[PDB]
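Undergrad: From first to last, the protein sequence lines stand for chains A, B and C. Number 48 in our numbering belongs to position 38 of the first sequence; there are no gaps in the numbering. Number 877 in our numbering belongs to position 42 of the second sequence; there are no gaps in the numbering. Number 35 in our numbering belongs to position 16 of the third sequence; there are no gaps in the numbering.
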Amino acid sequence: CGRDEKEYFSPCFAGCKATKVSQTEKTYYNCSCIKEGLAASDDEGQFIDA
Amino acid sequence: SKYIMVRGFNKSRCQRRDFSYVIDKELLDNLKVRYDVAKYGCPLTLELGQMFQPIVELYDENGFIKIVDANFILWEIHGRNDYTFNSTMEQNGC
Amino acid sequence: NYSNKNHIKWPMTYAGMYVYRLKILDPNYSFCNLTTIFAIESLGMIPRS
Ligand SMILES: *[C@@H]1O[C@H](CO)[C@@H](O[C@@H]2O[C@H](CO)[C@@H](O[C@@H]3O[C@H](CO)[C@@H](O)[C@H](O)[C@@H]3O)[C@H](O)[C@H]2NC(C)=O)[C@H](O)[C@H]1NC(C)=O
Ligand SMILES: *[C@@H]1O[C@H](CO)[C@@H](O[C@@H]2O[C@H](CO)[C@@H](O)[C@H](O)[C@H]2NC(C)=O)[C@H](O)[C@H]1NC(C)=O
């Protein structure tokens, strides 16, 4: 899922060139092939990600 | 060389990026809004119940000289109506 | 103004992003127009029925 509520398949196809994985969730970073999306988004140790 | 800055903001101390979003029905149609850190500079995240008062500071060329006590008016640029001020006219006095 | 009792609020229904301009209003404070721009991101969440 992207922050535009639009559902993107193949999380790596989302252009995410980086992925930091936490203890209780999986998240993807530097998501290039995403469209503008990303209205408010969020995160802490890092900024913005899908 | 004298300006004002709202307390607790840094022009480029923090880094993030460019964004785009759409806001509808809270305006004064669907107009796209682009946020860039270059001009707006920093984004402050306020919780569900938090209120904020942007106390402003007067800066001379080399440093801040005093806290502005004058009346100031606040309004978001794009044009909305959802924001409101908690105090009323009577509580302030009129 | 400072020492005033009023703080701007935002609806609690959803999280929103706003970019605010602020302008000093006192006519006899300074000669040219003092102005600043900042931004506020809110965080209202709507509970499941
Ligand atoms: C609008 O909301 C703000 C809250 O963000 C109100 O400011 C707060 O006002 C209350 C009282 O109305 C303050 O509580 C008490 O104030 C006395 C003042 O001497 C202090 O001694 C107490 O320890 C206690 O703090 C509160 O301090 C104040 N907020 C802050 C950050 O100082 C404001 O009053 C609201 N508007 C109206 C019209 O009430
Ligand atoms: C991918 O994400 C990383 C962090 O998640 C970004 O990190 C920067 O990488 C460049 C390499 O060219 C470094 O020079 C910067 O110092 C890094 N930034 C920080 C804060 O350490 C990276 O920018 C992202 N990729 C792109 C293309 O933006």
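The C-beta atom is built at its ideal place from N, Cα and C for all residues, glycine as well.
Return the residue from the list 909(B), 896(B) and 885(B) that minimises the CA-CA distance to residue 43(C).
TA: Reading the third sequence from its first residue, position 24 is the one you call residue 43(C). Residue 43(C) has its Cα closest to that of 909(B), out of 909(B), 896(B) and 885(B).
Undergrad: Going by the C-beta, is residue 926(B) closer than 7 Å to any heavy atom of ligand 1?
TA: On the second sequence, residue 926(B) is found 91 positions in, with the first residue counted as 1. Yes - ligand 1 has a heavy atom lying nearer than 7 Å to the Cβ of residue 926(B).
Undergrad: So if I measure from each beta-carbon to every heavy atom of ligand 2 and keep distances below 7 Å, which residues remain?
TA: 27(A), 28(A), 39(A), 40(A), 56(A) and 850(B)
Undergrad: Within 8 Å of any Cβ in chain B, is that where the Cβ of residue 28(A) sits?
TA: Translated into the one-based positions of the first sequence, residue 28(A) becomes position 18. Chain B contact via Cβ: absent.
Undergrad: When you compare the CB of residue 50(A) with every CB in chain C, is at least one pair closer than 8 Å?
TA: In the first sequence, counting from the first residue as 1, residue 50(A) sits at position 40. Yes, residue 50(A) counts as interfacial toward chain C.
Undergrad: Please state whether DSSP places residue 924(B) in a helix, a strand or coil.
TA: As a first step, residue 924(B) is located in the second sequence; it is residue number 89 there, counting from the start. Residue state, collapsed to three classes: helix.
Undergrad: Does the beta carbon of residue 58(C) come closer than 8 Å to any beta carbon on chain A?
TA: Here residue 58(C) corresponds to residue number 39 of the third sequence, with the count starting at 1. Taking Cβ atoms only, chain A never reaches closer than 8 Å to residue 58(C), which makes this a no.
Undergrad: Does the contact criterion of 3 or more C-beta pairs under 8 Å hold for the segment 868-882 of chain B versus the segment 891-901 of chain B?
TA: The segment 868-882 of chain B is not in contact with the segment 891-901 of chain B.
Undergrad: Using the rule of at least 16 other Cβ atoms within 10 Å of the residue's Cβ for burial, across every protein chain shown, is residue 900(B) buried or exposed?
TA: Reading the second sequence from its first residue, position 65 is the one you call residue 900(B). With fewer than 16 Cβ atoms within 10 Å of its Cβ, residue 900(B) is classed as exposed.
Undergrad: How about residue 897(B): is its Cβ closer than 7 Å to a heavy atom in ligand 1?
TA: For the purposes of this step, residue 897(B) is taken as residue 62 along the second sequence, with counting starting at 1. Incorrect: residue 897(B) has no Cβ contact closer than 7 Å to ligand 1.
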